[PDB]
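Structure record follows, encoded as structure tokens.
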């Protein structure tokens, strides 16, 4: 028996935050179901699943071992991403292994040429859960027999067409997308298991409209052309006076996400989604994290710029960030503790967990330098009145 | 409302680059707010309530002066309004049930106002935003045409037909005679007010020849009509191997094929921006003349060049799904003009049938040059699907 670094964290009062009382709204759905459906009705205005909730732990197990019954290909997608639909009518999104565990993105790669890797999708779910955001839909890693579980169970002529046997006698496939869907970029098992991330599926858009927002620090997905925030140091004085960003719980929720993204090095956060039925006053669904954890010896400061320009965070997430730096807690050991509960262990190589620590204290220094320029209270909003003390 | 569902889909939430001091061409009047909103990439915005309100001005603003556009194929009038902004007026030359005869050449075809209107909505549904706004309008040809002109050459052509109806024909070339007059029943004619682009004094326009321009003569075929490898060389000639230009011609040539408009002999740009802007899809009046015939000659630019934008390809596929699809989305927005029905039902169904031919021309072309070689990617950094 061993002591859990993760057990100490979830006992701490900064992780015993209670939500407001939920009315008839704030629920998305009126109301022994499958675990994927119990996850859907558990979605409310503030979070995506809530703390603990043994459904999420058991829903991650369903993604691991439920029989894959049908597979289809998201046509016209960003890169190759598959849709797995299971025996219990719930489905999931599948991103296969594109890069090895030791690899880093080349330095000369643009953010829009980067590979999407299953390690980030998985690890982002755990990192977000450890920061008590609870905004990433649950995702479990899975080894898939790419013959019986991908090719032989699809009636999609375009995904089936790309399966071949390489001169190495391995089974390969690549589908038909835009980035890295060619014979020279095929995905080959050794010889017939490929590995990938099964991301639980958010409720069908028929019964849960989702507003898609532009985020104001969206990069100029062009070379030789900088974006507005890249030239104007007072860019956020103007964004906090623009509609949806002067009323929340919104600039502060973007500061949560933009600290999330910096910790992983994910600079491809050009949009964020909301649940619409709740309005301009709900949380940000942290989706599409596939671009993180590509570089571990490099910290991308561009992502933090929203924080240096806007200069305000939530108090809840500020003290947790400070707690995630204390040696008795701290991202690194708190992350491989959870990340060991996936089948794909190690889902993050040891230098990437080490990079979480270094990037974290850069966030604390950007807040300390920024709290030492606008003063407290102007920088740190207070969402802890009526919450466990410290 | 099927049109409500379309503009919620992410393929219609494309965002622009940040606009610099350039990329801009420049309680105002609505036509002037339309001018200053013209930028490098588009001509308006997906509301932008100015555009919708500019069509109401074209419908019901008081006509203050009318002039005659000299030397045209047919009659076109210049209506200038109470607020000094003007528009181009094309009167009704064809009824709704008529089709262009089969023995007609593309260069003998009439311009009909219903096509000018429907082309604007079709273009807005393809998220192009390249056609100047146009609204349909019934004009009392006494109070709003004859009695408010100081061009005696236009006023002189008003007469009374043996049927006690009010007629006029103007003075152009070849279809401006007593036998081609436009007669109300008894004094309303109906026509299309096409909004006017900014004056060329303060907004120069370069006009380009397109390489698939037909040889506007009988017997003589054009260059691209004999060489199936015509575009192997056209993508190596100056202006067409740098854009966003070949890609913009494929946008325009898919636009034109959908309407059957085979009279696209030239296209204009705004110059102030250079070789790197959008193509203003102007004067689309030759489309929607035939609904029982799909003119494949228009598509040859697509089979020869074999490349589209991914932006417009995915929308083309979307406009084919039964939950969206051109037909119902077109009569919905064509129901918001005064001239209802501006498109007869067989013409809207042909919009669907012609679409599935374009989607077939790309799939046959995407499985022979492959993705990436055929479909350029401009959706990096745009909303996911």
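Residue numbers (the authors' numbering), protein chains in the order written: chain C, 131 to 161, 198 to 556; chain E, 134 to 159, 198 to 556. Just so you know, even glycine gets a beta-carbon here, dropped at the ideal spot from N, CA and C.
Simplified DSSP assignment, three categories, for residue i
| i | result |
| --- | --- |
| residue 379 of chain E | strand |
| residue 440 of chain E | strand |
| residue 232 of chain C | coil |
| residue 166 of chain E | Regarding the residue in question, residue 166 of chain E is not represented: chain E runs 159 and then 198, omitting everything in between. |
| residue 343 of chain E | coil |
| residue 334 of chain C | coil |
| residue 477 of chain C | coil |
| residue 263 of chain E | coil |
| residue 547 of chain E | strand |
| residue 515 of chain E | coil |
| residue 269 of chain E | coil |
| residue 239 of chain C | strand |
Length of the line joining the Cα atoms of residue i and residue j
| i | j | result |
| --- | --- | --- |
| residue 473 of chain C | residue 277 of chain C | 20 angstroms |
| residue 497 of chain C | residue 522 of chain C | 6 angstroms |
| residue 354 of chain C | residue 206 of chain C | 34 angstroms |
| residue 383 of chain C | residue 254 of chain E | 40 angstroms |
| residue 457 of chain E | residue 512 of chain E | 18 angstroms |
| residue 396 of chain E | residue 463 of chain E | 24 angstroms |
| residue 158 of chain E | residue 151 of chain C | 53 angstroms |
| residue 359 of chain E | residue 320 of chain E | 17 angstroms |
| residue 330 of chain C | residue 339 of chain C | 6 angstroms |
| residue 366 of chain C | residue 323 of chain C | 25 angstroms |
| residue 345 of chain C | residue 543 of chain E | 9 angstroms |
| residue 455 of chain E | residue 285 of chain E | 10 angstroms |
| residue 433 of chain C | residue 266 of chain C | 20 angstroms |
| residue 488 of chain C | residue 552 of chain E | 33 angstroms |
| residue 270 of chain E | residue 517 of chain E | 11 angstroms |
| residue 240 of chain C | residue 250 of chain C | 10 angstroms |
| residue 222 of chain C | residue 242 of chain C | 30 angstroms |
| residue 210 of chain E | residue 453 of chain C | 33 angstroms |
| residue 445 of chain E | residue 244 of chain E | 30 angstroms |
| residue 301 of chain E | residue 156 of chain E | 16 angstroms |
| residue 232 of chain C | residue 398 of chain C | 51 angstroms |
| residue 531 of chain C | residue 540 of chain C | 14 angstroms |
| residue 333 of chain E | residue 350 of chain E | 13 angstroms |
| residue 198 of chain C | residue 515 of chain E | 54 angstroms |
Cβ-Cβ distance between residue i and residue j below 9 angstroms
| i | j | result |
| --- | --- | --- |
| residue 294 of chain E | residue 426 of chain E | yes |
| residue 146 of chain C | residue 554 of chain C | yes |
| residue 436 of chain E | residue 380 of chain E | yes |
| residue 519 of chain E | residue 501 of chain E | yes |
| residue 281 of chain C | residue 460 of chain C | yes |
| residue 246 of chain E | residue 402 of chain E | no |
| residue 483 of chain E | residue 299 of chain E | yes |
| residue 289 of chain C | residue 364 of chain C | no |
| residue 537 of chain C | residue 545 of chain C | yes |
| residue 234 of chain E | residue 315 of chain E | yes |
| residue 260 of chain E | residue 310 of chain E | yes |
| residue 504 of chain E | residue 230 of chain E | no |
| residue 238 of chain C | residue 149 of chain C | no |
| residue 412 of chain E | residue 406 of chain E | yes |
| residue 308 of chain C | residue 510 of chain C | yes |
| residue 256 of chain E | residue 228 of chain E | yes |
Assumed close pair residue i, residue j - CB separation to whole angstroms, cut-off 8 angstroms
| i | j | result |
| --- | --- | --- |
| residue 421 of chain E | residue 478 of chain E | 7 angstroms |
| residue 417 of chain C | residue 476 of chain C | 6 angstroms |
| residue 439 of chain E | residue 376 of chain E | 5 angstroms |
| residue 144 of chain C | residue 202 of chain C | Their Cβ separation, rounded to whole angstroms, is 30 angstroms, which puts residue 144 of chain C and residue 202 of chain C out of contact at 8 angstroms. |
| residue 303 of chain E | residue 248 of chain E | Not quite, the Cβ-Cβ distance comes to about 16 angstroms (not below 8 angstroms), so this is no contact. |
| residue 394 of chain E | residue 431 of chain E | About 22 angstroms separates the two Cβ atoms, so there is no contact after all. |
| residue 547 of chain C | residue 138 of chain C | About 27 angstroms; that fails the 8 angstroms criterion. |
Limits of the alpha helix (DSSP H) - the one that residue i falls within
| i | result |
| --- | --- |
| residue 290 of chain E | 284-296 |
| residue 556 of chain E | From DSSP, residue 556 of chain E is part of no alpha helix (DSSP H); its letter is neither H nor E. |
| residue 308 of chain C | Taken as a continuous stretch (DSSP letters only), residue 308 of chain C belongs to no alpha helix (DSSP H), being part of the beta strand (DSSP E) at 305-308. |
| residue 364 of chain C | Segment 362-366 is the beta strand (DSSP E) holding residue 364 of chain C; no alpha helix (DSSP H) there. |
| residue 202 of chain E | 201-207 |
| residue 424 of chain E | 417-430 |
| residue 389 of chain C | Premise fails: residue 389 of chain C is in no alpha helix (DSSP H) and is neither H nor E. |
| residue 136 of chain E | 135-139 |
| residue 403 of chain E | 401-405 |
Span of the beta strand (DSSP E), counted from its first residue to its last, around residue i
| i | result |
| --- | --- |
| residue 499 of chain E | Taken as a continuous stretch (DSSP letters only), residue 499 of chain E belongs to no beta strand (DSSP E), being part of the alpha helix (DSSP H) at 497-504. |
| residue 352 of chain E | It is not in any beta strand (DSSP E) - residue 352 of chain E carries neither H nor E in the DSSP assignment. |
| residue 252 of chain C | 248-252 |
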